[PDB]
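Trainee: Take this structure first; my questions come after.
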Amino acid sequence: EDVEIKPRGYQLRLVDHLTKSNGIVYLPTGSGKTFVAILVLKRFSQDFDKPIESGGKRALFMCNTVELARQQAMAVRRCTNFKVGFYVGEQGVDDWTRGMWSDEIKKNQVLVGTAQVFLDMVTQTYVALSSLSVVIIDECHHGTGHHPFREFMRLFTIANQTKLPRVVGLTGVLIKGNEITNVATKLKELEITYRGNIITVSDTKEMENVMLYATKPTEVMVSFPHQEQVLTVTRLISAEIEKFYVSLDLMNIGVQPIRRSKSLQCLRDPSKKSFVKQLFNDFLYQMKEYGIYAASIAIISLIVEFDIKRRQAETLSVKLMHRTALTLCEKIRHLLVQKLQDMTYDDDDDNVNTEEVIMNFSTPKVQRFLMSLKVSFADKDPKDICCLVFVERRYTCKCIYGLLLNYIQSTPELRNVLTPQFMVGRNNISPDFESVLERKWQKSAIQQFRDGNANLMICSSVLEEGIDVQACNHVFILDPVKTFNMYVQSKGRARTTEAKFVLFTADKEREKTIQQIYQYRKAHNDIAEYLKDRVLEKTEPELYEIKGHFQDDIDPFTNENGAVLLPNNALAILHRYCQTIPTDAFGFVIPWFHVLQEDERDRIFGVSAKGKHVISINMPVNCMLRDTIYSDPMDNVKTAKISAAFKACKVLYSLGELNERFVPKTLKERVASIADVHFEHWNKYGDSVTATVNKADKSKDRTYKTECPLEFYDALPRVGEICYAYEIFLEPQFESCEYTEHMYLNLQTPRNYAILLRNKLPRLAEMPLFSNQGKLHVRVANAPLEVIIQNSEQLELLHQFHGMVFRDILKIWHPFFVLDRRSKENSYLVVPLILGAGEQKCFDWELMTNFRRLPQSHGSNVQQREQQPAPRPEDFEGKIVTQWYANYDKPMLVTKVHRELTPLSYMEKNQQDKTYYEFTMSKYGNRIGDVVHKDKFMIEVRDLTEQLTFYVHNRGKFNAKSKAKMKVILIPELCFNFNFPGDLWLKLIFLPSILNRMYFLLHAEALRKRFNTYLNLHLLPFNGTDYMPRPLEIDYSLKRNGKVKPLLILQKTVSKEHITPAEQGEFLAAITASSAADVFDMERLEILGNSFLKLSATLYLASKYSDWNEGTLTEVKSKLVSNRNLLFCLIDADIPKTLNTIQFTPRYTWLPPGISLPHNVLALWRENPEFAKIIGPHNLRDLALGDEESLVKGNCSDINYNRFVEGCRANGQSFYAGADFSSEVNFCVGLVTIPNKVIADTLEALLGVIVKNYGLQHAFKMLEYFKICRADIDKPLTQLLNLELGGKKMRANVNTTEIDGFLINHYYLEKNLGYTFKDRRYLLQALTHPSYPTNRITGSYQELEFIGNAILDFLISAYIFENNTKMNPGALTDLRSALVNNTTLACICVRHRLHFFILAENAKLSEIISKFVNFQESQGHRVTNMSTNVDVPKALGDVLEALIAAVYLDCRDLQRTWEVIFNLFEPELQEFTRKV
Amino acid sequence: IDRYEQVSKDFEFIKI
RNA sequence: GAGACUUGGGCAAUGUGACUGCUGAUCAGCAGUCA
RNA sequence: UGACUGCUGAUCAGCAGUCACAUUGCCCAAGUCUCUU
Ligand SMILES: Nc1ncnc2c1ncn2[C@@H]1O[C@H](COP(=O)(O)OP(=O)(O)O)[C@@H](O)[C@H]1O
Ligand SMILES: [Mg+2]
């Protein structure tokens, strides 16, 4: 909408002048200068569309206040087609980065915002001065001296002088202040600072008359008599306020910050103590100036503000102060209103009576104002009034607003016409006259005035510029005009015709106001004459005088890369950086200044320094600038402060705190440099540590390709080659009883079976195995018997025997299984054996050559049974049979024969009255007919168990059915007999449960050898060739089916002779994930691995960086031990495919060793993973390959392959189209999916198992193997031993017995701590809170707590691992987390009375600790273990954490650290070790 | 004085 | 985590007013010395 | 009458300090609501 906004002639001339060269427009307010600025912005639209990098420029528009900025943003948005930006500090631009900055600059062709924000964003090289077309400023008269407008204008000279953007200022009044004398110098200053001449209309006939539709007002002055005498109530109230102030200083409170005057010469009062003085001093002024009724009104506002403060008082002392203030205020209000009510009865017109008494009880100024109000508006329509009221004090606005409300309600006529309202500056006053938050307001007072909802508008000096208000026809001023600019602005508010401009003055000061108003008028006339009659000078681009106006300041320092730091912005930059220091609530975020006397000036600096001042800066102790920065000798104290802050900021940037763009850095920027230092390996996976999006897939799992151990890969025996066979022994480990002989005797038979490999096998550990009837331990022969296959047919027959074993004798077979002929992974063999000559054991050759295929139990009728040869007992003794006539499934071991029992004999039980023969005929004789032999021998038999995974340890006696099962007796000639040796079957029923465990014990041993060799301890006699493996351990801690005792790990740390060989079983324990559900789990080592990893990372970071603050070190440390990082650093090591995670059920979840899928099928599976992932178990089970291809040929038929491919392609669109099948078919193809959590857990488990045996020092080498703590190649030994012997620096080279002053009576600390410090620097550094300015010889506690946390955590975890051997790891982690809790640390700290010796100055936390310690004493130092106190103070646990590290670093003896930790944790540890 | 002096019921809005 | 508004704290910036300290100029008088 | 000192007042300029008032801005952080993990 611009057609109705058509410009005027003077606007055109002004735009034309400002386009050619820079200048400052000067017209009376309401002339549309902002519209001129809009047109100027439009005149630069030639390059607003092009991007910055291609030469496109963006318009810049800046204003002094946020409200004017918002109004102009709306105006330009409605009056231009450009996308209008908004760049202010009230919208949260504090934490922006280059991304949204760049995209906002790209998208917004014009930018609007405040001055400081634009200064900051142009100094920090977001946009260069060469990147802009035109910059428009408004209210330039504020921009003088050190105002941000002048600072922004300074940057034009410091940058590229050519291709410099146009700049123009907007103003209606050009000079601010009473120094208007000799207007010429200020005119030159403003025309040179903005490098532009000032222009104004110059012909009253055509320009001034036209623009004077913004008509000047009519001056009116009303005089009132002086106050002849003061009242009794005022002086009585002042006398009360006297003793009130006296008691305010008498009132003692806690320590408060120190405030001094602006020149650092006078001692001020704390702000919270001076606010009440300021409030009462304003109230007294209100009383003495505007009348007693005004004071009655304002005491209500005092009540309101004091009630708000009392509600919001953080400390009880502040609450007491504000309560005393409220009591005094209420007493004052009652005493004051007593006088009002003693005379508010002079006449019977009630509300008009109130009006008359207000008239009576009003000062002559306010009385005259009320008469003017009554006689001015003539009781016209309420919409006929547009008036403004200006008073100096903010509270005077609300006071006279309440007075106007009451008086108008008291008026008969003005009641219906007038409605008041008050506003103040941005430091808004509580608009309510009652308790806080009467209502949720939603309409601003300016909006009320614009909408016509109000006609009177009480205001302070906030309503002269910026706010767009309709032209008022009345203006009233209650206080004398102070400044020329305020006069010009206030008289400019009355813009409509016949407007009334009224100002009130006293009688005997009337003439002074007369002279000052004529001087203001004469000054305006002189300005007009100077502009009109000046010589026809150019724009005045005189660089000599421009430079001569600026050099007085310190030279603006610009660093490399084009960034610049303004010395006038130095204070703001330094304070902004200093606030970023981590604190509790305050933490001394302000730099403590101090000016030096002349003696120090001529002691330190040059001879010239007697007159010029020198100031010293003391940075907060939580900053590495422990020393002081000295100011340059400067003319006055203010410039000396500027120089000191500027030099300190330059030093801080030299130490890297300020970034490339002079903004203080945070964790996001701190980790950017460290990214490629410790997290380089993430790049091979594509992502990075700083990439937060990399954590989006933290919870998902990952797939891996498993592989057999090297001992199994290509271990198939070959014909005519050396091959080793290992004999397997299954020793029973229980007392034999009648319910156990059937397996006890058979398992101990000298006959057995051997596992045969071409390769050699290392010595393996003893396995626990749990049968349902006893406990089994299985061993493998150390010396493998060696034979060479002389006949390929013998090897073939062995191979079909091995296949037949799993196919039939255990039924561990699927129709898609194919005998794995090829020599590859898991291609070993199982061979039965029999006794040979002497102790030598040889092949049971008849056994394999007889049982090529399992005999079939043919159902034989009596017609057929009568012609087979008769049964003969030794042919059945020790054999396996099957009760086919009852159930054609069960195997049945023949333990003995009853030659004394016959079918004619009476049954032993359950049919004792009757016999076997007719019993069989009753139920099974119907289908089988008669039986051949009526009077022959019987056989007593026992059945084999059907269990298949003998890991669980539950045990019991099945007396309900075992007695009936053990007595099962069958007819010999009825049940089919396989004549197979029952001992061999009874041994091989356990075979897969042994093969699976060996398949991982090999991995454990092969990894242990590698780890030992890398540590270069494999030559030690306990390791290497002479290693004797130990039997595994049962985990009974699990439930799933005087002097402190020296800590073993630390004891073996110092003494290398206490080391012990690493067990294969201990590695296997860390290999088996808890999902596999074995007898032992890896979670017991995982917690110690985590503790040691955190400790080592913390120490490595502390040694690497002793300067950075504890926050960035803590977050980096938490990033290092992050589970995703452990995943990424363990994938490379090829550990995950070595792990043990899944359940072992051979029928459904395990693959036989010597049997695999067809080779072509596997090739197809691994060629197309997308085609492979859509194949389920049923698709494989569809075919049933014949004996030839499956067994001898070792492949599948071509037509069978066709059926596979056709079925898979059909299932690609079948009911299972798109479904996932990898969750169950991966076990047949050597693939597995493992959680990343398990990967991190097993990394930590390996670290823990290494630590608990090899000591702390050796494990640091292993961290090098995992490339976590990258070795400093210059000094590698610092990663080996100095990691626990480092951490300090030259800070200890300065010392004095003055430290005893800070450590008041530390002998009691030694007595209640036990430790005796060799150096007191550590204890002092631990005891200093960052909110402590008194001390500078030492540092804060943060960079000690960083190490103390890790040390305490590691020692606690080690102790709970060692001593607590009968409790679950899942609760062990909870116990550890409870022992490291901050509340427990605070309780320990306060029990020994360590709160007294803390060094800190912060009232709120001091009161927090005070309210904590008394409660804890009320608990008798026995915290229920947590006590529901008010709030735990973090500092009490923090100082204990720091003291732990200080005690350790004093002597470097971890044993001493454990001693003191146990001494301070004894009762809590004893309580927690009993119950978590 | 114990009271405010009642200003004149009339006064002039003089022109400067 | 973000957007709106309010609460709370700290620093910087412009200007006026009051009192003090010091320098320079101008005007004036007195007292004292020389010419 | 001049030179000059002593005393003291007045005017004016400039600088610096104390106290108070007014307006403007940035930063940290809290509350609730909504978007929403
Ligand atoms: N030439 C013009 N054409 C259309 N409208 C104008 C013109 N000049 C002034 N105005 C209107 O008068 C108003 C003047 O307000 P403002 O711009 O704040 O005045 P100033 O900037 O002089 O204080 C604007 O809102 C504008 O819409
Ligand atoms: Mg305006």
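Lettering and numbering for the structure tokens are positional, with chains as A, B, ... in the shown order, residues counted from 1 in each chain, and ligands counted from 1 in the shown order.
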May I ask you to extract the residues of chain C within 7 Å of chain A, using only C-alpha atoms (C1' of nucleotides), and to give them as a list in words?

Mentor: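 Every residue of chain C that passes the 7 Å test is in residues 11, 12, 13, 14, 15 and 16 of chain C.
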
Trainee: Pull C-alpha atoms (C1' of nucleotides) from the residues just selected and write them as a PDB file, in the first residue's frame.

Mentor:
ATOM      1  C1'   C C  11      27.147  -3.885  33.254  1.00  0.00           C
ATOM      2  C1'   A C  12      27.536  -0.134  29.649  1.00  0.00           C
ATOM      3  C1'   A C  13      25.485   4.564  27.339  1.00  0.00           C
ATOM      4  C1'   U C  14      22.978   9.924  26.971  1.00  0.00           C
ATOM      5  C1'   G C  15      21.442  14.337  29.701  1.00  0.00           C
ATOM      6  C1'   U C  16      19.984  17.633  33.674  1.00  0.00           C
TER       7        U C  16
END

Trainee: Neighbours of ligand 2 at 7 Å or closer, counting only C-alpha atoms (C1' of nucleotides) and all ligand atoms: which residues, as a PyMOL selection string?

Mentor: chain A and resi 29-30+466+468

Trainee: Ligand 1: which residues are within 10 Å, counting only C-alpha atoms (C1' of nucleotides) and all ligand atoms, as number ranges by chain?

Mentor: A: 2-12, 26-38, 68, 71-72, 75, 79, 138, 170-172, 211, 214, 465-470, 492-493

Trainee: Could you dump the residues just selected with N, CA and C atoms as a short mmCIF file (atom, residue, chain, number, x, y, z; two decimals), in the first residue's frame?

Mentor:
data_model
loop_
_atom_site.label_atom_id
_atom_site.label_comp_id
_atom_site.auth_asym_id
_atom_site.auth_seq_id
_atom_site.Cartn_x
_atom_site.Cartn_y
_atom_site.Cartn_z
N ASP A 2 1.12 1.79 -1.20
CA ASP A 2 1.98 2.95 -1.36
C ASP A 2 1.38 4.06 -2.22
N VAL A 3 0.31 3.79 -2.96
CA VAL A 3 -0.26 4.81 -3.83
C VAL A 3 -0.86 5.96 -3.02
N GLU A 4 -1.45 5.68 -1.86
CA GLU A 4 -1.99 6.74 -1.02
C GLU A 4 -0.92 7.38 -0.15
N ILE A 5 0.31 6.88 -0.20
CA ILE A 5 1.42 7.39 0.60
C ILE A 5 2.28 8.27 -0.30
N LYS A 6 1.67 8.86 -1.33
CA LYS A 6 2.39 9.61 -2.35
C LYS A 6 3.22 10.72 -1.71
N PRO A 7 4.49 10.86 -2.08
CA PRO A 7 5.37 11.80 -1.37
C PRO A 7 5.09 13.25 -1.71
N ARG A 8 5.61 14.14 -0.86
CA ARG A 8 5.51 15.57 -1.07
C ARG A 8 6.80 16.12 -1.66
N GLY A 9 6.78 17.41 -2.01
CA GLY A 9 7.92 18.01 -2.67
C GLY A 9 9.16 18.07 -1.80
N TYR A 10 9.00 18.48 -0.54
CA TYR A 10 10.16 18.56 0.35
C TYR A 10 10.74 17.18 0.61
N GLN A 11 9.88 16.16 0.68
CA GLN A 11 10.37 14.79 0.80
C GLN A 11 11.21 14.41 -0.40
N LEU A 12 10.77 14.79 -1.60
CA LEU A 12 11.53 14.50 -2.81
C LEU A 12 12.89 15.19 -2.78
N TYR A 26 16.84 17.42 8.97
CA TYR A 26 16.35 18.15 10.13
C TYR A 26 15.04 18.84 9.76
N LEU A 27 13.93 18.31 10.27
CA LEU A 27 12.62 18.91 10.15
C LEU A 27 11.90 18.80 11.48
N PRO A 28 10.92 19.66 11.74
CA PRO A 28 10.10 19.50 12.94
C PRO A 28 9.36 18.17 12.92
N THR A 29 9.11 17.64 14.12
CA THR A 29 8.50 16.32 14.24
C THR A 29 7.13 16.29 13.58
N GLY A 30 6.78 15.13 13.02
CA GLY A 30 5.54 15.00 12.28
C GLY A 30 5.64 15.40 10.82
N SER A 31 6.85 15.66 10.32
CA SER A 31 7.01 16.04 8.92
C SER A 31 7.19 14.85 7.99
N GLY A 32 7.30 13.64 8.52
CA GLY A 32 7.46 12.47 7.68
C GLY A 32 8.89 12.15 7.30
N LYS A 33 9.85 12.42 8.19
CA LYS A 33 11.24 12.12 7.89
C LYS A 33 11.47 10.61 7.79
N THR A 34 10.72 9.82 8.56
CA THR A 34 10.82 8.37 8.45
C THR A 34 10.33 7.90 7.09
N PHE A 35 9.30 8.56 6.55
CA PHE A 35 8.86 8.29 5.19
C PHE A 35 9.96 8.64 4.19
N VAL A 36 10.69 9.73 4.45
CA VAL A 36 11.86 10.06 3.63
C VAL A 36 12.87 8.93 3.68
N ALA A 37 13.09 8.37 4.87
CA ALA A 37 14.01 7.24 5.01
C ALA A 37 13.52 6.03 4.23
N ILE A 38 12.21 5.81 4.22
CA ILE A 38 11.65 4.70 3.44
C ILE A 38 11.96 4.89 1.96
N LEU A 68 10.47 2.22 19.02
CA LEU A 68 10.59 2.92 17.74
C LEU A 68 10.98 1.94 16.64
N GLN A 71 7.83 0.00 15.66
CA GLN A 71 6.90 0.83 14.90
C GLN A 71 7.41 1.05 13.48
N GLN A 72 8.71 1.33 13.33
CA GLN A 72 9.26 1.56 12.00
C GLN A 72 9.31 0.27 11.20
N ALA A 75 5.89 -0.08 9.89
CA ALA A 75 5.64 0.92 8.85
C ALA A 75 6.31 0.54 7.54
N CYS A 79 4.59 -0.51 4.06
CA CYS A 79 4.83 0.47 3.02
C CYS A 79 5.92 0.06 2.03
N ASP A 138 18.10 6.86 13.33
CA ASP A 138 17.07 7.77 13.80
C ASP A 138 17.44 8.28 15.19
N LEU A 170 18.17 10.55 11.25
CA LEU A 170 16.84 11.13 11.39
C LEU A 170 16.75 11.82 12.74
N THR A 171 16.27 13.06 12.74
CA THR A 171 16.12 13.79 13.99
C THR A 171 15.17 14.96 13.79
N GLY A 172 14.53 15.36 14.89
CA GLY A 172 13.69 16.55 14.91
C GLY A 172 14.30 17.63 15.78
N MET A 211 4.60 22.46 5.28
CA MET A 211 4.90 21.48 6.31
C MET A 211 4.35 21.89 7.66
N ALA A 214 1.76 20.51 10.54
CA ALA A 214 2.21 20.19 11.90
C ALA A 214 2.37 21.51 12.64
N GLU A 465 9.89 10.81 22.34
CA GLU A 465 10.34 10.30 21.06
C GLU A 465 9.93 8.85 20.90
N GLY A 466 9.80 8.43 19.64
CA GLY A 466 9.54 7.04 19.32
C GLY A 466 8.08 6.66 19.28
N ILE A 467 7.37 6.91 20.38
CA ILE A 467 5.98 6.49 20.48
C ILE A 467 5.13 7.30 19.51
N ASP A 468 4.39 6.61 18.65
CA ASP A 468 3.50 7.26 17.70
C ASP A 468 2.16 7.52 18.37
N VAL A 469 1.83 8.79 18.60
CA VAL A 469 0.59 9.19 19.25
C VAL A 469 -0.11 10.20 18.36
N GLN A 470 -1.44 10.18 18.41
CA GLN A 470 -2.23 11.15 17.66
C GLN A 470 -1.98 12.56 18.19
N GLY A 492 6.56 19.81 20.67
CA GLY A 492 6.25 19.19 19.39
C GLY A 492 5.15 18.15 19.46
N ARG A 493 4.84 17.65 20.66
CA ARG A 493 3.74 16.70 20.80
C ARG A 493 2.41 17.35 20.43
#

Trainee: Which is closest to residue B:9 among A:259, A:360, A:150, A:1266, if we use only C-alpha atoms?

Mentor: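 Residue with the minimum atom-to-atom distance to residue B:9: A:360.
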
Trainee: Please return, as a list in words, all residues of chain B lying within 7 Å of chain A when only C-alpha atoms are considered.

Mentor: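 The contacting residues on chain B are residues 1, 2, 4, 6, 7, 12, 13, 14, 15 and 16 of chain B.
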
Trainee: Write the residues you've just listed into a file as a compact mmCIF listing (two decimals), in the first residue's frame, and include N, CA, C and O atoms for each of them.

Mentor:
# COMPACT_ATOMS: atom_id res chain seq x y z
N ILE B 1 1.93 25.60 60.15
CA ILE B 1 0.84 26.26 59.45
C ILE B 1 -0.42 25.39 59.53
O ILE B 1 -1.54 25.90 59.61
N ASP B 2 -0.22 24.07 59.48
CA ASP B 2 -1.25 23.06 59.72
C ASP B 2 -2.27 22.97 58.59
O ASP B 2 -3.13 22.09 58.60
N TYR B 4 -3.03 24.22 54.10
CA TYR B 4 -2.61 24.87 52.86
C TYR B 4 -3.35 26.19 52.67
O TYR B 4 -4.55 26.29 52.93
N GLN B 6 -5.33 28.61 50.70
CA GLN B 6 -6.20 28.50 49.54
C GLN B 6 -5.81 29.53 48.49
O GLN B 6 -5.90 30.74 48.73
N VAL B 7 -5.37 29.06 47.33
CA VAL B 7 -4.99 29.94 46.24
C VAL B 7 -6.22 30.68 45.74
O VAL B 7 -7.36 30.29 46.04
N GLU B 12 -4.90 33.88 35.81
CA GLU B 12 -4.80 34.20 34.39
C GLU B 12 -3.84 33.24 33.70
O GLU B 12 -2.72 33.03 34.18
N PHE B 13 -4.28 32.67 32.58
CA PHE B 13 -3.43 31.86 31.71
C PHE B 13 -2.69 32.81 30.78
O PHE B 13 -3.05 32.99 29.61
N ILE B 14 -1.64 33.44 31.31
CA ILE B 14 -0.96 34.50 30.57
C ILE B 14 -0.24 33.93 29.36
O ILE B 14 0.20 32.78 29.35
N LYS B 15 -0.14 34.75 28.31
CA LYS B 15 0.54 34.36 27.09
C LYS B 15 1.98 34.84 27.13
O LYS B 15 2.24 36.03 27.38
N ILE B 16 2.92 33.93 26.88
CA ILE B 16 4.34 34.26 26.93
C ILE B 16 4.74 34.98 25.65
O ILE B 16 4.87 34.36 24.59

Trainee: Determine, using only C-alpha atoms (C1' of nucleotides), which residues of chain D have any atom at most 9 Å from an atom of chain A, and tabulate each with its shortest atom pair and distance in Å to one decimal place, rows ordered by chain and then rising number, as a Markdown table.

Mentor:
| residue | atom | partner | partner_atom | distance |
| --- | --- | --- | --- | --- |
| D:16 | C1' | A:636 | CA | 8.5 |
| D:17 | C1' | A:263 | CA | 8.1 |
| D:18 | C1' | A:266 | CA | 8.3 |
| D:21 | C1' | A:393 | CA | 7.1 |
| D:22 | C1' | A:461 | CA | 6.5 |
| D:23 | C1' | A:462 | CA | 6.4 |
| D:24 | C1' | A:65 | CA | 6.4 |
| D:25 | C1' | A:116 | CA | 6.6 |
| D:26 | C1' | A:116 | CA | 6.8 |
| D:27 | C1' | A:576 | CA | 6.0 |
| D:28 | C1' | A:579 | CA | 6.5 |
| D:29 | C1' | A:585 | CA | 8.7 |

Trainee: Just give me the gap between atom CA of residue A:1253 and atom CA of residue A:1002 in Å, one decimal is fine.

Mentor: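 Between atom CA of residue A:1253 and atom CA of residue A:1002 the gap works out to 20.8 Å.
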
Trainee: Please indicate the distance in Å from atom CA of residue A:131 to atom CA of residue A:57, rounded to one decimal place.

Mentor: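 Separating atom CA of residue A:131 from atom CA of residue A:57 is a distance of 5.1 Å.
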
Trainee: Please provide as a ChimeraX atom specification all residues within 7 Å of stretch 1325-1332 of chain A, with the sequence filter that same-chain residues fewer than 3 positions apart are discarded (counting only C-alpha atoms (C1' of nucleotides)).

Mentor: /A:587-588,621-622,1321-1322,1335,1338-1341,1344,1398-1402,1439,1442-1443,1446

Trainee: Contacts of residue A:276 at 10 Å or less, counting only C-alpha atoms (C1' of nucleotides), minus same-chain residues fewer than 5 places along, as a PyMOL selection string?

Mentor: chain A and resi 245+248+271+281-282+302+306+321-322+325
